[PDB]
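Undergrad: Sharing a structure here in structure tokens format.
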Amino acid sequence: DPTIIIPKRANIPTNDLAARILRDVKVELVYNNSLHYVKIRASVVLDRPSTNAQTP
Amino acid sequence: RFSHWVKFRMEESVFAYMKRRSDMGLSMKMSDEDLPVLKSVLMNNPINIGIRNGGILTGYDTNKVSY
């Protein structure tokens with residue numbers, strides 16, 4: 001989830017107060033890229049061939 | 001001959017179910033919730049073929065008791 005973090009007045013340096021400037025506002029995200037390539041492992045057979053049946 | 005056939009096929013039918021049920025794990029267990037299935041196991045292989053072929057008798061008598 002994207003997150004936004006903002007400082008408090010106690011953490012702002014006095015020089016920044018004098019200059020009337022706000023610093024260190026931070027944001028974070030994640031990009032959701034797309035697909036480009038696909039590969040397959042097809043197989044052709046003339047027929048088909050352990051029975052554990054126990055929940056892993 | 002009938003008695004021998006019934007004996008052999010009952011042993012065969014019980015063993016085959018038990019082994020197949022023990023080969024997947026989940027082996028049979030001695031509990032009231034698992035034992036009744038032997039009713040179906042036995043009723044299936046020998047008895048339901050004997051009735052169809054006519055060797056085993058069925059119906060009601062008069063002795064006043066079912067066959």
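So you can find residues: chains in the structure tokens are A, B, ... in the order shown, residues in each start at 1, and ligands are numbered from 1 in order.
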Could you name the residues that touch range 5-13 of chain B at 7 Å or less, counting only C-alpha atoms, but leaving out those on the same chain fewer than 3 positions away, as number ranges by chain?

TA: B: 1-2, 16-17, 42, 45-46

Undergrad: Give me a file of those residues, with N, CA and C atoms, as a tab-separated table (two decimals), in the first residue's frame.

TA:
chain	number	residue	atom	x	y	z
B	1	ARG	N	-19.08	-77.44	-2.81
B	1	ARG	CA	-18.51	-76.49	-3.75
B	1	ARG	C	-19.01	-75.07	-3.46
B	2	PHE	N	-20.29	-74.93	-3.14
B	2	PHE	CA	-20.83	-73.62	-2.83
B	2	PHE	C	-20.15	-73.02	-1.61
B	16	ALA	N	-8.98	-57.46	-0.54
B	16	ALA	CA	-8.76	-56.48	-1.60
B	16	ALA	C	-9.17	-55.09	-1.17
B	17	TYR	N	-10.31	-54.94	-0.50
B	17	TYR	CA	-10.71	-53.63	-0.01
B	17	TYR	C	-9.74	-53.12	1.04
B	42	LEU	N	-19.06	-56.85	2.05
B	42	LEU	CA	-19.50	-58.23	1.91
B	42	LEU	C	-20.73	-58.34	1.02
B	45	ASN	N	-19.59	-58.17	-3.25
B	45	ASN	CA	-18.92	-59.12	-4.13
B	45	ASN	C	-19.62	-60.48	-4.18
B	46	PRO	N	-19.65	-61.27	-3.09
B	46	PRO	CA	-20.27	-62.60	-3.20
B	46	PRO	C	-21.79	-62.61	-3.23

Undergrad: If the cut-off is 8 Å, can you tell me the residues of chain B near chain A, counting only C-alpha atoms? I'd like them as a list in words.

TA: residues 23, 24, 25 and 26 of chain B

Undergrad: Taking the DSSP assignment computed from this structure's backbone, write out as an NGL selection string all residues of chain A that belong to strand (DSSP E).

TA: :A and (3-5 or 26-28)

Undergrad: Residues of the last selection are to be written out with N, CA and C atoms, as a PDB file, in the first residue's frame.

TA:
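The resulting file, selection-v8.pdb, is shown below:
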ATOM      1  N   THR A   3       2.301   4.826   1.023  1.00  0.00           N
ATOM      2  CA  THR A   3       2.399   5.414   2.348  1.00  0.00           C
ATOM      3  C   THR A   3       2.869   6.855   2.234  1.00  0.00           C
ATOM      4  N   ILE A   4       2.360   7.702   3.123  1.00  0.00           N
ATOM      5  CA  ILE A   4       2.722   9.110   3.179  1.00  0.00           C
ATOM      6  C   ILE A   4       3.124   9.432   4.609  1.00  0.00           C
ATOM      7  N   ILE A   5       4.286  10.058   4.770  1.00  0.00           N
ATOM      8  CA  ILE A   5       4.837  10.394   6.075  1.00  0.00           C
ATOM      9  C   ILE A   5       5.109  11.888   6.106  1.00  0.00           C
ATOM     10  N   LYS A  26       7.834  12.476   2.504  1.00  0.00           N
ATOM     11  CA  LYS A  26       8.238  11.270   1.796  1.00  0.00           C
ATOM     12  C   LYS A  26       7.021  10.492   1.329  1.00  0.00           C
ATOM     13  N   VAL A  27       7.156   9.841   0.181  1.00  0.00           N
ATOM     14  CA  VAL A  27       6.116   8.994  -0.388  1.00  0.00           C
ATOM     15  C   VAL A  27       6.764   7.705  -0.871  1.00  0.00           C
ATOM     16  N   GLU A  28       5.974   6.636  -0.950  1.00  0.00           N
ATOM     17  CA  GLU A  28       6.458   5.340  -1.402  1.00  0.00           C
ATOM     18  C   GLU A  28       5.355   4.626  -2.166  1.00  0.00           C
TER      19      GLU A  28
END

Undergrad: Would you mind writing down, as a list in words, each residue of chain A that DSSP on the backbone assigns to helix (DSSP H, G or I)?

TA: residues 9, 10, 11, 14, 15, 16, 17, 18 and 19 of chain A

Undergrad: Would you list the contacts of residue 58 in chain B as a PyMOL selection string, taking every protein, DNA or RNA residue within 9 Å and counting only C-alpha atoms, but skipping same-chain residues closer than 4 positions in sequence?

TA: chain B and resi 51+66-67

Undergrad: Please indicate the distance in Å from CA of residue 24 in chain A to CA of residue 8 in chain A, rounded to one decimal place.

TA: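 CA of residue 8 in chain A lies 10.7 Å from CA of residue 24 in chain A.
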
Undergrad: CA of residue 21 in chain A and CA of residue 6 in chain A are how many Å apart?

TA: 13.5 Å

Undergrad: Which is closer to residue 34 in chain B than all the others in B:18, B:63, B:49, B:56, using only C-alpha atoms?

TA: B:18

Undergrad: Using only C-alpha atoms, which of the listed residues (B:37, B:43, B:50, B:28) sits closest to residue 3 in chain B?

TA: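 Of the candidates, the smallest distance to residue 3 in chain B is held by B:50.
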
Undergrad: Show which residues sit within 9 Å of residue 22 in chain A, as a PyMOL selection string. Count only C-alpha atoms, and ignore same-chain residues fewer than 5 positions away.

TA: chain A and resi 7+12+16-17
